[PDB]
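Chains as they are written, first to last, in the entry's author numbering: chain B, 2 to 12, 15 to 231; chain A, 2 to 227; chain D, 1 to 25, 29 to 58; chain C, 1 to 59.
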Ligand SMILES: Nc1ncnc2c1ncn2[C@@H]1O[C@H](CSCC[C@H](N)C(=O)O)[C@@H](O)[C@H]1O
Ligand SMILES: Nc1ncnc2c1ncn2[C@@H]1O[C@H](CSCC[C@H](N)C(=O)O)[C@@H](O)[C@H]1O
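This is the structure:
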């Protein structure tokens, strides 16, 4: 279960924030938020993305959804405003009205969805027409170093290529506006003499993981009703 | 027919000089465009035509149209392009010569702010784009980039100087959804050590860093509605 | 959770309207009840639990 | 310009259909000719493969 898999990550939630911020800061800066916008953060973890959007773009209302009750208890404890709220929920059934959200953000969570295609349809449903979904992931086909992550995770993960993310967004009714790789330039890469480390056999592989592949970002836009 | 600065730049090599400088940030904006193999792309104010050549080389576009108001500029772009899958034409931003809903994506770098009626140009782009198609609008002349304000003293064309918020509002007013707005840093240009300043173009390293890293190129991405 | 933020929440099961019951109030303790399903989603320490029942 | 790429071109003045007249071609490539507005009657020349589709007031 989600709470079984991620409660140890809530005992480490700040550690995920510190690592993920290296690329999330760039993806968040791209979001076309207008002051006062309502944002839903799917798999909020420590809730940092909502706090960053309020501090830098002035969102008005934020909802940090997580399937781990411990995770959202933590996220709330780290937040100094009631304009950003937290709730327990699941990616397969979003507890928001149709066309009620201006933008949806998700970092390092989407690929744990049980039915990712249905989650995309749920995102298109809750978004207002013209609203955006910013989907940032480190587990994807081209990032060869991530393939082994499934070996230490009990949840069945979805491993899609860049093309598969674009195709799935279109199949859910979202228009793809942008797709990119965001490098992690902050993580220290030791000298070639220091290898192997616990994670890397060669410096070349570490450089490829972080400076070349980085985080995949796909941006979708929810459409108005149209002829089918 | 009246000549202007752009016609002079096409004759004296400034088309190639603009390509070499603009490519520093254009390469990042083009890389993120969701262009699929076989798509039709229009490049508004193509200059040397480098953006279409890059989209052909990296995205496999099927058809490309490089539009420019300067005949000499498109004659040069055609001469620099060795494939007929990319075509060039003389045209004006105030009335685009494309059918409604005929183009998959529109690209424009360092050109949009010369449009005589920016709101009409945006409406024309929304018209020619197919629903769900994108408009990538990249500019270095805009309100927040204080170092660009002086550019108006060096060109006779009245340029639109908009802030980040004004570009988003203008896109909405023209019927485009705003999908992204980013500041793209120029990580290629040589920014010398602090002791090498003043240079010919910059009084301090801080001013040069602010122009190319803090502000950089503004990219606003619009999506055409149904 | 701020009561005003609850305006766009719905039952995760069928996306129908919820009814709010307050015990401690910014709502700290209480419940959101499904108007069609009758499901009870608790709010504990300001956090609503809106998982579908079986989760 | 390839004749196959002209399918989406229109008169810039009123967005009406253009008629193509060809004087010189190389397969799909139209080298010399003109695009004529079916409604406005405006003539947009194709010169060494480049159509000049500026509005007449700018030529
Ligand atoms: N099906 C699901 N429904 C809801 N939350 C889920 C989920 N699968 C995973 N999650 C949550 O998604 C998060 C993934 S970890 C990433 C946390 C945060 N976005 C960051 O960037 O650091 C966890 O907090 C986990 O509990
Ligand atoms: N109203 C207008 N209609 C068409 N082209 C125009 C125009 N105003 C400016 N241009 C063209 O826009 C270009 C601006 S310079 C930028 C050139 C190229 N995109 C680059 O990135 O280097 C010039 O080639 C100029 O002729």
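Beta carbons: idealized from backbone N, C-alpha and C, even for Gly.
Near ligand 1, meaning a Cβ closer than 5 Å to any of its heavy atoms, lie the following residues in chain order: 3/B, 7/B, 19/B, 23/B, 46/B, 48/B, 69/B, 70/B, 71/B, 74/B, 93/B, 94/B, 110/B, 111/B, 112/B and 115/B. The region 148-156 of chain B makes no contact with the region 34-53 of chain B, as fewer than three CB pairs between them are under 8 Å. For residue 210/A, DSSP records no beta bridge to any residue. In this model, residue 81/A and residue 92/A are separated by some 19 Å (Cα to Cα). At a cut-off of 8 Å, the beta-carbon of residue 142/A does not count as near ligand 2: no heavy atom of the ligand is closer than that.
Under the 10 Å beta carbon count, residue 161/B is surrounded by 16 or more other beta carbons and is classified as buried. In the three-state scheme derived from DSSP, where H, G and I count as helix and E and B as strand, residue 19/D is classed as strand.
At least one heavy atom of ligand 2 falls within 8 Å of the beta-carbon of residue 158/A. A direct Cα-Cα distance of roughly 21 Å separates residue 213/A from residue 183/B. By the Cβ-count criterion, residue 59/A is exposed, with fewer than 16 other Cβ atoms from all chains shown falling within 10 Å of its own Cβ. The Cβ atoms of residue 196/B and residue 209/B do not sit closer than 9 Å to each other.
The C-beta distance from residue 25/B to residue 191/B rounds to 11 Å, too long to meet the 8 Å contact threshold.
Among the residues facing chain C, residue 89/A is included, as its CB has a counterpart in that chain under 9 Å away. Counting along the chain, residue 35/C sits inside the beta strand (DSSP E) bounded by residues 29-37. The Cβ atoms of residue 133/A and residue 179/B lie closer than 9 Å to each other. By the C-beta criterion, the region 60-69 of chain A is judged to be in contact with the region 84-100 of chain A, since at least 3 inter-stretch pairs fall below 8 Å. Counting only the Cα atoms, residue 14/C lies some 14 Å from residue 8/C. In the three-state reduction of the DSSP assignment, residue 183/A falls in the strand class.
For residue 51/A, the shortest C-beta to heavy atom distance toward ligand 2 is below 8 Å. Here the C-alpha atom of residue 177/A lies approximately 18 Å from the C-alpha atom of residue 30/A.
At least one heavy atom of ligand 2 lies closer than 8 Å to the C-beta of residue 117/A. When only Cα atoms are considered, residue 111/B and residue 41/C end up about 59 Å apart.
With distances taken between CA atoms, residue 55/B lies nearest to 32/B out of 76/B, 32/B, 45/B and 75/B. Note on geometry: alpha-carbon atoms of residue 1/C and residue 4/A lie some 24 Å from one another. For a Cβ distance threshold of 7 Å, residue set 169, 179, 180, 181 and 182 of chain A lies close to residue 35/B, ordered along the chain. With a cut-off of 8 Å, the C-beta of residue 152/A is classified as distant from ligand 2, since no heavy atom of the ligand falls inside that distance.
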